[PDB]
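Here is the structure we will look at.
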Amino acid sequence: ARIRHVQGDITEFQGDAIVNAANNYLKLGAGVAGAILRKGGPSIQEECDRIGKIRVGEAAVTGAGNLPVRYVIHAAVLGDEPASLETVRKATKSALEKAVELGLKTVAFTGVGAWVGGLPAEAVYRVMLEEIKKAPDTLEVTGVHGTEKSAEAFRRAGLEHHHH
């Protein structure tokens, strides 16, 4: 799938869904997850609670409440077990699978938060970007970034390496 990177606020992304790095208990925590909770409103956590525990590496779909998207895709990267490059790979793949199942055309993710935590960012971004490449071209993926340092780190992890 095609990926584009912008500076912005993922809670203001207009499109079909946003992907939220999650714990496998679907308990919305600090930072961006907290903005999702506040802007989306209580229906998001209420639905997460109804879904219950999922597997680490799985992704669960909820409504998005008052957010300008139709869904939040909660990609479980940690919880029962700590985050690893492997759980990151599985979760990104699972999130993209849900987008395909739901027939989505535009989805956003962000590079901060639980995707990285105690992992090396560059390696995480490379793993995510590999999974995003496999996704169908009918799907447009936007990376929404807090800062510019973040966005170009993503463009760098995205460039193909050729002889000089």
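By convention here, the chains of the structure tokens are called A, B, ... in the order presented, each chain's residues are numbered starting at 1, and ligands are numbered starting at 1 in the order presented.
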Residues within 6 Å of segment 18-21 of chain A, please, as a PyMOL selection string. Count only C-alpha atoms; anything in the same chain fewer than 4 positions from it doesn't count. chain A and resi 72-75+107-109+114-115
Write the residues you've just listed into a file as a compact mmCIF listing (two decimals), in the first residue's frame, and include C-alpha atoms for each of them.
# COMPACT_ATOMS: atom_id res chain seq x y z
CA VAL A 72 -10.38 2.78 15.70
CA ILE A 73 -8.24 -0.29 15.03
CA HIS A 74 -6.49 -1.27 18.27
CA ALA A 75 -3.29 -3.09 17.39
CA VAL A 107 -6.26 4.75 7.42
CA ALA A 108 -3.81 6.65 9.62
CA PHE A 109 -1.22 5.57 12.15
CA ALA A 114 3.26 2.08 22.39
CA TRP A 115 4.64 1.16 18.95
Residues at most 10 Å from residue 134 of chain A, counting only C-alpha atoms, excluding those fewer than 2 positions away in the same chain, as JSON, numbers by chain? {"A": [1, 2, 93, 96, 129, 130, 131, 132, 136, 137]}
Store the residues picked out above, limited to N, CA and C atoms, as a CSV table (one decimal), in the first residue's frame.
chain,number,residue,atom,x,y,z
A,1,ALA,N,0.8,-1.2,0.0
A,1,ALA,CA,0.0,0.0,0.0
A,1,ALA,C,0.9,1.2,0.0
A,2,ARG,N,0.3,2.3,-0.5
A,2,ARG,CA,1.0,3.6,-0.5
A,2,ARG,C,0.9,4.3,0.9
A,93,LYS,N,0.4,-6.1,10.8
A,93,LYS,CA,-0.2,-7.0,9.9
A,93,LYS,C,-1.7,-7.2,10.2
A,96,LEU,N,-3.7,-4.1,9.5
A,96,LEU,CA,-4.0,-3.9,8.0
A,96,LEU,C,-5.0,-5.0,7.5
A,129,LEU,N,6.7,-0.6,8.2
A,129,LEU,CA,6.8,-0.2,6.7
A,129,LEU,C,6.8,-1.4,5.8
A,130,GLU,N,7.5,-2.5,6.2
A,130,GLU,CA,7.4,-3.7,5.4
A,130,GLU,C,6.0,-4.3,5.3
A,131,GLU,N,5.3,-4.3,6.4
A,131,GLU,CA,4.0,-4.8,6.5
A,131,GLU,C,3.0,-3.9,5.7
A,132,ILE,N,3.2,-2.6,5.8
A,132,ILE,CA,2.4,-1.7,5.1
A,132,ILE,C,2.5,-1.8,3.5
A,136,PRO,N,-3.0,-3.9,0.3
A,136,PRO,CA,-3.4,-3.6,-1.1
A,136,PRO,C,-3.3,-2.1,-1.4
A,137,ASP,N,-3.0,-1.8,-2.6
A,137,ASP,CA,-3.0,-0.4,-3.1
A,137,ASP,C,-4.3,0.3,-3.0
Would you pick out the contacts of segment 45-53 of chain A at 7 Å or less, using only C-alpha atoms, so that residues sharing its chain but fewer than 5 positions from it are not included, and give the list as a ChimeraX atom specification? /A:24-26,28,62
Just to be explicit: take each residue in the selection above, keep C-alpha atoms, and write the result as a short mmCIF file (atom, residue, chain, number, x, y, z; two decimals), in the first residue's frame.
data_model
loop_
_atom_site.label_atom_id
_atom_site.label_comp_id
_atom_site.auth_asym_id
_atom_site.auth_seq_id
_atom_site.Cartn_x
_atom_site.Cartn_y
_atom_site.Cartn_z
CA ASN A 24 -4.04 -6.68 24.49
CA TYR A 25 -6.51 -5.78 27.26
CA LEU A 26 -7.67 -2.86 25.12
CA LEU A 28 -6.71 3.04 26.69
CA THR A 62 -14.18 -0.51 17.54
#
Spatial neighbours of residue 118 of chain A, max dist 12 Å, only C-alpha atoms, sep filter under 2 positions, as number ranges by chain: A: 77-78, 82-85, 112-116, 120-121, 123-124
Could you tell me how far atom CA of residue 119 of chain A lies from atom CA of residue 56 of chain A, in Å and to one decimal?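 Distance between the two atoms: 15.9 Å.
Distances from A:5, A:98, A:70, A:145 to residue 32 of chain A were compared using only C-alpha atoms, and the smallest one belongs to A:145.
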Excluding residue 64 of chain A and any residue of its chain fewer than 3 positions from it, enumerate the residues within 8 Å of it, using only C-alpha atoms, and give them as an MDAnalysis selection string. chainID A and resid 17 40 43:44 67:72
Mind writing the picked residues with N, CA, C and O atoms as a PDB file, in the first residue's frame?
ATOM      1  N   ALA A  17     -10.360   5.193   9.312  1.00  0.00           N
ATOM      2  CA  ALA A  17      -9.928   4.671  10.606  1.00  0.00           C
ATOM      3  C   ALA A  17      -8.571   5.208  11.052  1.00  0.00           C
ATOM      4  O   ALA A  17      -7.769   5.673  10.238  1.00  0.00           O
ATOM      5  N   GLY A  40     -12.902  11.002  21.401  1.00  0.00           N
ATOM      6  CA  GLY A  40     -13.874  10.009  20.959  1.00  0.00           C
ATOM      7  C   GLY A  40     -15.033   9.870  21.929  1.00  0.00           C
ATOM      8  O   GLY A  40     -16.181   9.709  21.524  1.00  0.00           O
ATOM      9  N   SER A  43     -17.755   5.901  24.531  1.00  0.00           N
ATOM     10  CA  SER A  43     -18.219   4.723  23.791  1.00  0.00           C
ATOM     11  C   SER A  43     -17.042   3.860  23.327  1.00  0.00           C
ATOM     12  O   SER A  43     -17.180   2.644  23.135  1.00  0.00           O
ATOM     13  N   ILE A  44     -15.878   4.477  23.157  1.00  0.00           N
ATOM     14  CA  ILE A  44     -14.724   3.716  22.675  1.00  0.00           C
ATOM     15  C   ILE A  44     -14.249   2.702  23.721  1.00  0.00           C
ATOM     16  O   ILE A  44     -14.123   1.517  23.422  1.00  0.00           O
ATOM     17  N   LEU A  67     -14.831  10.959  17.121  1.00  0.00           N
ATOM     18  CA  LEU A  67     -13.689  11.196  16.240  1.00  0.00           C
ATOM     19  C   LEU A  67     -14.176  11.328  14.796  1.00  0.00           C
ATOM     20  O   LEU A  67     -15.216  10.764  14.439  1.00  0.00           O
ATOM     21  N   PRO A  68     -13.423  12.060  13.951  1.00  0.00           N
ATOM     22  CA  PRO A  68     -13.819  12.183  12.543  1.00  0.00           C
ATOM     23  C   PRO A  68     -13.482  10.949  11.698  1.00  0.00           C
ATOM     24  O   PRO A  68     -13.378  11.068  10.482  1.00  0.00           O
ATOM     25  N   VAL A  69     -13.299   9.790  12.327  1.00  0.00           N
ATOM     26  CA  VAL A  69     -13.162   8.540  11.574  1.00  0.00           C
ATOM     27  C   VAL A  69     -14.324   7.604  11.880  1.00  0.00           C
ATOM     28  O   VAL A  69     -15.099   7.863  12.800  1.00  0.00           O
ATOM     29  N   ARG A  70     -14.461   6.538  11.095  1.00  0.00           N
ATOM     30  CA  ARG A  70     -15.497   5.538  11.348  1.00  0.00           C
ATOM     31  C   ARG A  70     -15.065   4.518  12.398  1.00  0.00           C
ATOM     32  O   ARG A  70     -15.892   4.055  13.178  1.00  0.00           O
ATOM     33  N   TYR A  71     -13.778   4.166  12.421  1.00  0.00           N
ATOM     34  CA  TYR A  71     -13.296   3.124  13.342  1.00  0.00           C
ATOM     35  C   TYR A  71     -11.966   3.466  14.016  1.00  0.00           C
ATOM     36  O   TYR A  71     -11.174   4.253  13.490  1.00  0.00           O
ATOM     37  N   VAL A  72     -11.721   2.850  15.170  1.00  0.00           N
ATOM     38  CA  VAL A  72     -10.376   2.779  15.701  1.00  0.00           C
ATOM     39  C   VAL A  72      -9.966   1.314  15.661  1.00  0.00           C
ATOM     40  O   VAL A  72     -10.706   0.444  16.141  1.00  0.00           O
TER      41      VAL A  72
END
Using only C-alpha atoms, can you tell me which of A:103, A:122, A:54, A:138 comes closest to residue 150 of chain A?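 Looking only at the distances to residue 150 of chain A, the closest residue turns out to be A:122.
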Could you give me the residues within segment 34-152 of chain A that DSSP places in strand (DSSP E), as number ranges by chain? A: 59-63, 71-78, 106-109, 140-145
Restricted to C-alpha atoms, what would the selected residues look like written as a PDB file, in the first residue's frame?
ATOM      1  CA  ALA A  59      -5.955  -6.131  16.313  1.00  0.00           C
ATOM      2  CA  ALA A  60      -9.524  -5.326  17.397  1.00  0.00           C
ATOM      3  CA  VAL A  61     -11.955  -2.957  15.684  1.00  0.00           C
ATOM      4  CA  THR A  62     -14.180  -0.511  17.544  1.00  0.00           C
ATOM      5  CA  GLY A  63     -16.372   2.423  16.645  1.00  0.00           C
ATOM      6  CA  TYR A  71     -13.296   3.124  13.342  1.00  0.00           C
ATOM      7  CA  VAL A  72     -10.376   2.779  15.701  1.00  0.00           C
ATOM      8  CA  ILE A  73      -8.235  -0.286  15.031  1.00  0.00           C
ATOM      9  CA  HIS A  74      -6.490  -1.265  18.275  1.00  0.00           C
ATOM     10  CA  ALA A  75      -3.294  -3.091  17.387  1.00  0.00           C
ATOM     11  CA  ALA A  76      -2.157  -5.115  20.407  1.00  0.00           C
ATOM     12  CA  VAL A  77       1.640  -4.803  20.681  1.00  0.00           C
ATOM     13  CA  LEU A  78       2.096  -5.642  24.390  1.00  0.00           C
ATOM     14  CA  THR A 106      -7.878   5.547   4.062  1.00  0.00           C
ATOM     15  CA  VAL A 107      -6.260   4.750   7.418  1.00  0.00           C
ATOM     16  CA  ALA A 108      -3.813   6.652   9.621  1.00  0.00           C
ATOM     17  CA  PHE A 109      -1.222   5.574  12.147  1.00  0.00           C
ATOM     18  CA  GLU A 140      -4.017   4.637   1.432  1.00  0.00           C
ATOM     19  CA  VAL A 141      -2.021   4.768   4.674  1.00  0.00           C
ATOM     20  CA  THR A 142      -1.150   8.078   6.340  1.00  0.00           C
ATOM     21  CA  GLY A 143       1.511   8.372   9.006  1.00  0.00           C
ATOM     22  CA  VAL A 144       0.483  11.293  11.250  1.00  0.00           C
ATOM     23  CA  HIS A 145       3.434  12.704  13.173  1.00  0.00           C
TER      24      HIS A 145
END
To one decimal in Å, tell me the separation between atom CA of residue 117 of chain A and atom CA of residue 88 of chain A. 11.2 Å
Just checking: using only C-alpha atoms, which residue out of A:86, A:58, A:152, A:16 ends up closest to residue 4 of chain A? A:152
